[PDB]
Number of protein chains: 2
Amino acid sequence: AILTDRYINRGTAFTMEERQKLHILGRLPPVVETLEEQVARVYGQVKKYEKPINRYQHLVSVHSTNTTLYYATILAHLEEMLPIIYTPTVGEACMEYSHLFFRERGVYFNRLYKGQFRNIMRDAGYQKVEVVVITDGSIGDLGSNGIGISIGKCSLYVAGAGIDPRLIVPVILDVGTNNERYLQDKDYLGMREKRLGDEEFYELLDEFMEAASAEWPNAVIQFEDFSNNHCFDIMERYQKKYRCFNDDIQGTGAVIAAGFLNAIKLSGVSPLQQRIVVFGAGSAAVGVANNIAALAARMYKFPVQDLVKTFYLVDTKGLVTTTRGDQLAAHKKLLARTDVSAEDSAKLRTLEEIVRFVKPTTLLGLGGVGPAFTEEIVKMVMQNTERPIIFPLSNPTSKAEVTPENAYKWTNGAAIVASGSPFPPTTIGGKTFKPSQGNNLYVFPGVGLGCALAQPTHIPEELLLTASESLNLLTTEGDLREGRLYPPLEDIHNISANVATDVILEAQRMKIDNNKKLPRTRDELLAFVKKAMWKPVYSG
Amino acid sequence: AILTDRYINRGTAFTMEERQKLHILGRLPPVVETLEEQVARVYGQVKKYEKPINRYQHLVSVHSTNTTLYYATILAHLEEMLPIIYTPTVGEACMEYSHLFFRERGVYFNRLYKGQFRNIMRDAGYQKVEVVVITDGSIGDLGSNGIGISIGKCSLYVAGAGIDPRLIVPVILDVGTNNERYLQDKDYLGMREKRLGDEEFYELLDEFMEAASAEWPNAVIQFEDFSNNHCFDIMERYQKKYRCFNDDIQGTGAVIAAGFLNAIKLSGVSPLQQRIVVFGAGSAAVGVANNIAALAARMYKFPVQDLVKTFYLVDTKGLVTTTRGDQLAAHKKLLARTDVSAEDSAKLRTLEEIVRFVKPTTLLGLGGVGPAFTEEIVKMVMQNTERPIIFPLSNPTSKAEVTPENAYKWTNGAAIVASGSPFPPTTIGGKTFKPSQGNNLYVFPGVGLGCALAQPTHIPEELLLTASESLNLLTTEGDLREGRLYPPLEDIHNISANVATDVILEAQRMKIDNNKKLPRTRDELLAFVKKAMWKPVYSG
Ligand SMILES: O=C(Nc1cc(S(=O)(=O)Nc2ccc(OC(F)(F)F)cc2)ccc1Cl)c1cc(F)cc(F)c1
Ligand SMILES: O=C(Nc1cc(S(=O)(=O)Nc2ccc(OC(F)(F)F)cc2)ccc1Cl)c1cc(F)cc(F)c1
């Protein structure tokens, strides 16, 4: 009842004297290890597997046996482990190996349980739940297998911000699937029917949000991996009534904005002198641009309309302008050029000719349509600025606008680069360069830990902008001198504690915080936040 | 506390009504399956992995979650699953992937715990223990990683004979290792020292046997995978004082003997007309020959000395005779030819010239030294008998004296073949042939179930000979007409119940049985044995 409890089990870290006292002498091999030694052993066990999915499989079995050792291993090898325990391995595990999630505590909803959502939550037997990750499996369709996405995401809040692993709930809202293989698969365990229409979808998701605010009143609700037809609408429906956010939309823009403002500082080319091609004009790409404007307005008090005019949006038609003669979608209107002639708009269609005309100092890659930041385009940006900022942010790694290596080569080390995925360093004439990864892990854990402590009535856009600024300000003079746009990913606990502290102070300034126990001054609150965090060490 | 208990967990086999009553509605995807459907799903999950070791890894995680479903899957796919859940996959898992055994309940002994063996057994918290598999990791050296061999073997008693999975204990006696990689491996968790000398070895193994006979008085002790320097000596030390047997020695000879006597019936060439080359003359090979003689004497009441003269033993020097002029090891003397001249012995060195001289009707491959049953040798056996019996029994599959395919081809379908490993069928002129696998699973489970029910004071050689005869007599007229030497492996529960019944009746005839509750007549006892067996079905 010690060994079989994954929360108190220590395996070989039980001293001989503990083994005797606990009457488990002879249930373990004789070597006594420290946690650090166990982690090094587990690390070698992981690298004994070649395929990511088999590495993940090993780590799931570590989590089932000794949960402390699982988190200790992830934190000691975070950069290397991240692509294994979340994107892109996790989607492939959900799609083909969904059995790897069967043993993980989670909650399955569907229309069959309509009206009983609250009783299912009560029966799940949770104490003071702090974070809930919900998906529908729809940003191929995984349907019910989307539970794996919620599981993987919950685990990053535990690793990243020390959310206690017993106070986090992964949730699948199964509203059906349009995945035709699943609909015909004898082994699919979900609702075998096409996705429900919006009316029934919102009836079930409304019951979910009401039931959770009642049974899990202390929880942050985070939407993960919802398709475009619903993710924006979901936040508009719930942002004010419940304590919720969407990491794909709000986390991404918060992280990119923080890294982008640090790239502006290293460029010496100040924010109002920037000329920014935003390659890709979906709602998310436009959200990222707005988040950059909002952070620059907060950090530097330039008029936001002056920041908005640094942006040149490119959709599939070309430069978005008011004179190009089409009916612009609402999200594109605010960043539309007003200073470009109909005649010039007609000659502003390919990225090459847009770059030649605009003379940008920055390229933001949000296009999702492969490697458009050509050698020729990068060479042009080099005649407008001594430090081109190039952000190939499209995932997966195949969709990326340019490789950091190509960016560094073509600019002979002058490009300031942030990526969506990890990349190895590139060395040019004895000088080393490495892109700064804009990982979402920098923001969501801190937001979840801040909202878990402050208990705000809701998560207004101010708390996300605060987290964005906090992340920006954590990049030290030393980090900046070495070309880093973000604090180091390995220091995620310190990053999360700082982001959480600043999110709390913001909720206090807005008087939406419901926890009166917290300190209200930054130094004392930061110290308090750090002590509240769950640590993967053997405590008792 | 339902889902997390692998003994009562049913997963998707919980009906909706059970889920509601058990307050686990919403802890599972919505599909309700029968056990049979779960097994077919698990089977497809297994075949999603290419490597045996990754298949085993998946099955270990099935056992951890839903133990009923694990055993249901093995029994539905026994022939295919056996090479994955025991030899040869299990040795490779122990050697390189020993972490796959960490979550399995077992007991580790070593010299550090000297004098406390009994308290470790008490503390392990077992009820009426029926079977104990012990190894030292020495038949490469795995040392402590040998625990995986005990684990794999315990699981075959549960699958094969319905030993209740809560009443079986896997044991490693770690007396050190001579594996030099392990002695230098930072991740080895065993005693980091060379194997103990015989005096300290027997002090620890004597304490083991005394402690077990006291704390686990109802148990069968089975020795598994002990090296030749100790396995024979161990049985001589303990056979009369404790309830114990060695499956490598006694199980192998019992299974081979049963299959061999069935091969004699199909050959029509009766036992006293057989001429049997025994290729390989180690203690085990000579044990197999003696077990064949002993079974033929029991089943047919030929004088045993007349059976002994059907055997022609070949060691590395050639035909073992009294005239060949060397000092014969004790085990070889009893099967030594007395009817071969010194002059003929000098010309009886290669297997080819021994086969030409002896004119055997049978070749028994126990040599462990590769494919010595050549096309030329098989062609010669064809001029001495219309049905050559050819038994390439050397493991692994590389050491085998001849492929069943080659045997069937060279004899145009006349060879009667038993193998150590599974082989696919061979088709010759529209006629199908398939070797009968002499798997050890045919005997050890039945012996363990018989000795668990009868509670004999010890396991004399009569009980093994009884099990051997019982297995022989289970091969039906129909099995025999189709060329099978053994009952079908898939019917292992019925085989185990029959072997157990006959072992019990033998212990009753000898008045060594200590359980007075049992029926004493075969039909009533067989019915009773079948009802006692643990079944992998959802019971409650
Ligand atoms: O804790 C148990 N055993 C154990 C633990 C360790 S450890 O030090 O905690 N490292 C460790 C663990 C698990 C892992 O992952 C795995 F299981 F996949 F290999 C990797 C690395 C080392 C050796 C052993 Cl034998 C145990 C737990 C039970 F619920 C039941 C039971 F019978 C034994
Ligand atoms: O029993 C649980 N879940 C579950 C079981 C099944 S099943 O029907 O029992 N098939 C099944 C199981 C396990 C396996 O092996 C594995 F885990 F490796 F995939 C394969 C096949 C299907 C779906 C699910 Cl979600 C469970 C158990 C816990 F201790 C904790 C917990 F949160 C959930």
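### Focus: the packing of aromatic side chains
Okay, so step 1: Considering all chains together, one arrives at 38 aromatic pairs over all chains under this definition.
Okay, so step 2: Aromatic pair A:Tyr182 and A:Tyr188: ring centres 5.1 Å apart, planes at 25 degrees, arrangement stacked.
Okay, so step 3: Assessed through its relative accessible area of 3%, A:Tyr182 is described here as buried.
Okay, so step 4: According to the relative accessible area criterion, A:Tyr188 is buried, its value standing at 2%.
Okay, so step 5: A centroid spacing of 5.3 Å and a plane angle of 25 degrees characterise the contact between A:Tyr408 and A:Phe433, whose relative ring orientation is stacked. Of this pair, A:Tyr408 sits in helix 19 (residues 404–410) while A:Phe433 is found in strand 13 (residues 431–433), placing the two residues 25 residues apart along the sequence.
Okay, so step 6: A relative accessible area of 3% means that A:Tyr408 is categorised as buried.
Okay, so step 7: Through successive ring pairs, a cluster of aromatic residues spans A:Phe201, A:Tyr202, A:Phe223, A:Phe226, A:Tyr238 and A:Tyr242.
Okay, so step 8: Here the basic side chain of B:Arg105 rests over the ring of B:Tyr126, its NZ or CZ set 3.8 Å away from the ring centre.

### What to know about the interface of chain B and chain A
Think of interface size as the accessible area that goes away when the parts come together; that is how it is often given.
Okay, so step 1: Taken together, the contact between chain B and chain A spans 43 residues of the former and 43 residues of the latter.
Okay, so step 2: In total, chain B and chain A occlude about 4000 Å² of area from one another, counting both sides; carbon and sulfur atoms represent 55% of this.
Okay, so step 3: Contact with chain A buries area across many residues of chain B, yet B:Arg27, B:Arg103 and B:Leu189 alone supply 16% of it, more than any other trio.
Okay, so step 4: Between chain B and chain A we count 0 salt bridges in total.
Okay, so step 5: Linking chain B with chain A are 18 residue pairs in polar contact.
Okay, so step 6: Going through the elements one at a time, helix 2 (35–47), helix 3 (52–65), strand 1 (107–109) and helix 7 (117–123) of chain B are the ones with two or more residues in the side of chain B that touches chain A.
Okay, so step 7: It is helix 3 of chain B that contributes the most residues to the side of chain B that touches chain A, 6 residues altogether.
Okay, so step 8: For the side of chain B that touches chain A, the per-class residue count stands at 18 nonpolar, 16 polar and 9 charged.

### What to know about helix 3 (residues 52–65) of chain A
Okay, so step 1: For helix 3 of chain A, with 14 residues, the first-to-last C-alpha span of 20 Å sits near the 20 Å given by 1.5 Å per residue.
Okay, so step 2: Listed in full, the buried residues belonging to helix 3 of chain A are A:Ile53, A:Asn54, A:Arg55, A:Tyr56, A:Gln57, A:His58, A:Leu59, A:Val60, A:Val62, A:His63, A:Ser64 and A:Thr65.
Okay, so step 3: Lining the buried residues of helix 3 of chain A we find helix 2 (35–47), helix 4 (67–76), helix 5 (78–85) and helix 6 (89–96) of chain A together with helix 3 of chain B.

### Concerning the sheet that holds strand 9 (residues 362–365) of chain B
Residue and element names in this part refer to chain B.
Okay, so step 1: Taken in spatial order, the 7 strands make up an open sheet running 8-7-6-9-10-11-14, and their pairing is mixed. With partners counted over all chains shown, the strands left at the sheet margins are strand 8 (318–319) and strand 14 (436–437), one partner each.
Okay, so step 2: Across 2 bridges, strand 11 (residues 416–419) lies against strand 14 in parallel orientation. Across the sheet, residue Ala 418 finds its bridge partner in strand 14, namely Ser 436.

### Describing the UniProt feature "active site" (unreviewed entry) in chain A
All names here are of chain A.
Okay, so step 1: Here, the residues flagged by UniProt with the feature "active site" (unreviewed entry) are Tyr 86 and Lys 153.
Okay, so step 2: Its relative accessible area of 9% is what places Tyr 86 among the buried residues.
Okay, so step 3: Here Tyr 86 is in contact with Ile 149, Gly 152, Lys 153, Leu 156 and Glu 224, once residues within four sequence places are set aside.
Okay, so step 4: Following the sequence through the fold, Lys 153 ends up in helix 8 (residues 147–161).
Okay, so step 5: Each residue touching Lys 153, except ones within four places of it in the same chain, is listed here: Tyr 86, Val 133, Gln 222, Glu 224, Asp 247 and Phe 444.

### A few points about the pattern of salt bridges
Note that side chains of opposite charge can pair when their charged atoms are close.
All names here are of chain A.
Okay, so step 1: Scanning the entire structure with this criterion turns up 56 salt bridges over all chains.
Okay, so step 2: Where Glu 405 meets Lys 409, a salt bridge forms, and the shortest distance between an N and an O atom there is 3.7 Å. Pair noted here: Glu 405 and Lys 409 are both in helix 19, with a separation of 4 residues, about one helical turn.
Okay, so step 3: For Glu 405, a relative accessible area of 44% corresponds to the partly exposed category.
Okay, so step 4: Among the residues examined, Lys 409 registers a relative accessible area of 40% and is labelled partly exposed.
Okay, so step 5: One salt-bridge network, in which partners are shared between bridges, spans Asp 315, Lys 317, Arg 324, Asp 326 and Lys 332.

### Some remarks on the relation of the copies chain B and chain A
Okay, so step 1: Note on the copies: chain B fits chain A at an RMSD of 0.0 Å, the axial shift is 0.0 Å, and the rotation between them is 180 degrees. The superposition of one copy onto the other is thereby described by a two-fold rotation axis.
Okay, so step 2: Both copies present the same face, since 100% of the interface residues in chain B are matched by interface residues at the equivalent positions in chain A.

### Looking at the site of ligand 1
Okay, so step 1: For ligand 1, the set of nearby residues contains 24 residues, the closest of which are A:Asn9, A:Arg27, A:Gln38, A:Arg41 and A:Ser61.
Okay, so step 2: Residues within reach of ligand 1 are spread across chains A and B.
Okay, so step 3: Separating an oxygen atom of ligand 1 from a side-chain N or O atom of A:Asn9 is a distance of 2.8 Å.
Okay, so step 4: The fraction of the free accessible surface of ligand 1 (670 Å²) that becomes covered by protein chains is 97%.
Okay, so step 5: Taken together, the elements giving at least two residues each to the shell around ligand 1 come down to helix 2 and helix 3 of chain A.
Okay, so step 6: Residue composition of the shell around ligand 1, grouped by class: 8 nonpolar, 11 polar and 5 charged.

Cut-offs used in this document
Residues numbered from 1 in each chain as written, not as in the entry; some residues may be left out. Chains lettered and ligands numbered in written order. Heavy atoms only, no water. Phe/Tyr/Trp six-rings, centres within 6.5 Å; stacked < 30°, edge-to-face > 60°. Buried < 20%, exposed > 50% of the residue type's maximum accessible area, 1.4 Å probe, protein only. Helix = DSSP H or I, 4+ residues; strand = E, 2+ residues; numbered from the N terminus. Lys NZ or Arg CZ within 6 Å of the ring centre and 35° of its normal. Contact = heavy atoms within 4.5 Å. Buried area = accessible area lost by both parts, 1.4 Å probe. Salt bridge = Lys/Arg side-chain N within 4 Å of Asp/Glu carboxyl O. Polar contact = N/O pair within 3.5 Å; in protein donor to acceptor, adjacent residues only side chain to side chain. Nonpolar A, V, L, I, M, F, W, Y, C, P; charged D, E, K, R; others polar. Expected span 1.5 Å × (residues − 1). Pairing = 2+ DSSP bridges. UniProt positions renumbered as here; feature names shortened; annotations may be inferred. Least-squares fit on C-alpha atoms. Near = heavy atom within 4 Å. Areas by Shrake-Rupley, 256 points an atom, 1.4 Å probe, with all protein chains shown as cover.

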